[PDB]
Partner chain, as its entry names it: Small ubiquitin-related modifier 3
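Quick setup: one chain, the form deposited without its partner chain, written in structure tokens, and binding and motion questions come after.
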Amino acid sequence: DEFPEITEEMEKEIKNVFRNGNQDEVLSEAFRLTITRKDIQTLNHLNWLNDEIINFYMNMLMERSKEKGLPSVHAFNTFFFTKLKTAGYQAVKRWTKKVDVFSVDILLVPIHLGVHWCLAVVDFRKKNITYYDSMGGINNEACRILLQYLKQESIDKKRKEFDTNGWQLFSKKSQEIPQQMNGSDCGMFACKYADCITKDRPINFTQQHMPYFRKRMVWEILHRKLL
């Protein structure tokens, strides 16, 4: 019931970046990504997270997954899924070059649906593929698309077949997990869902939390450090 407080000193650091100045100021740079204040702005107010923010955030979850006790994580980039549902395996099999997807516990798959964002999570321990939409929607297909992707992928690289024995594909209910109230906070919900999920915590927060999360997210990215 208790969330890392943002001190007045942290508070100030956020102000200094949400401020007018060159939309090139290079605020942060990591995982081949570069957050400028242009990008950082999409977290301001009720704006709409751009891809840079989201890609950066999932990477910090990936980074965080190294420290032991946590399940390991691969985060697919945000153009992986939309360039699958549209063009199929041969487009993407190349992106996984020098990467073993089975060596980790969890894969995160940010899904860009038009102007909306949701998420899919593969969990090898639970042998399940789950879909999260803070608009309570569904995508029984997206999950099939991913299991199909796994089969195909074990084929290429491991030359083996992937054992789908006991795997379960579902969309999270829309109940229990909390839902958005603001169309722009969809990027946040996908981020925060992924955060809880990668720490194996229950999803605890609500919509009332999102202005706290955004400012926090700004701080975290500036410091490349997750509270």
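Only residues modelled in both forms are compared. By rigid core we mean the largest C-alpha set that fits within 1.5 Å across both forms. Residue numbers count along the first chain shown, from 1.
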Query raised in the report: In the PDB record, does 173 to 181 or 61 to 69 carry the higher mean Cα temperature factor?
Result: 173 to 181
Query raised in the report: So which stretch wins on mean C-alpha B-factor, 215 to 223 or 9 to 17?
Result: 9 to 17
Query - Maximum C-alpha temperature factor, selected from 198, 164, 55, 44 - result: 164
Requested in this report: Specify which of 117, 131, 95, 124 carries the largest Cα B factor in the deposited PDB entry.
Outcome: 95
Report summary line: residue 87: C-alpha B-factor third of its chain, per the entry, is the highest
Query raised in the report: How does residue 79 rank on Cα B-factor within its chain, lowest, middle or highest third?
Result: middle
Query raised in the report: Mind checking which third residue 147 falls in for C-alpha B-factor across the chain?
Result: highest
Query raised in the report: residue 158: which third of its chain by C-alpha temperature factor?
Result: highest
Report task. Using the B-factor values recorded in the entry, state whether the Cα atom of residue 37 falls in the lowest, middle or highest third among the modelled residues of its chain. Result -> highest
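Keep in mind that the form solved in complex with its partner chain is not shown, yet the notes after this line are about it.
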Report task. Have a look at 40, 60, 186, 169 for me and say which one sits with a heavy atom within 4.5 Å of its partner chain in the bound PDB entry. Result -> 186
Query - Residues 11, 18 and 64 all lining its partner chain in the bound PDB entry, heavy atom within 4.5 Å - result: no
Query raised in the report: Does its partner chain come within 4.5 Å of any heavy atom of residue 161 in the bound PDB entry?
Result: no
Requested in this report: Indicate whether residue 29 is a 4.5 Å heavy atom neighbour of its partner chain in the bound PDB entry.
Outcome: yes
Query raised in the report: Given that the partner is absent here, does residue 33 sit within 4.5 Å of its partner chain in the bound PDB entry, heavy atoms only?
Result: yes
Query raised in the report: Is residue 126 one of the residues lying within 4.5 Å of its partner chain in the bound PDB entry, judged by heavy atom distances?
Result: no
Requested in this report: Choose from 175 to 183, 65 to 73, 161 to 169, 194 to 202 the stretch whose residues reach within 4.5 Å of its partner chain in the bound PDB entry, heavy atoms counted.
Outcome: 175 to 183
Report summary line: Across 102 to 119, the residues having a non-hydrogen atom within 4.5 Å of its partner chain in the bound PDB entry turn out to be 112, 114, 115, 116, 117
Query raised in the report: Which parts of the chain move between the shown form and the other one, counting only runs of three or more residues whose C-alpha shifts are all 2 Å or more after core fitting?
Result: 4 to 8
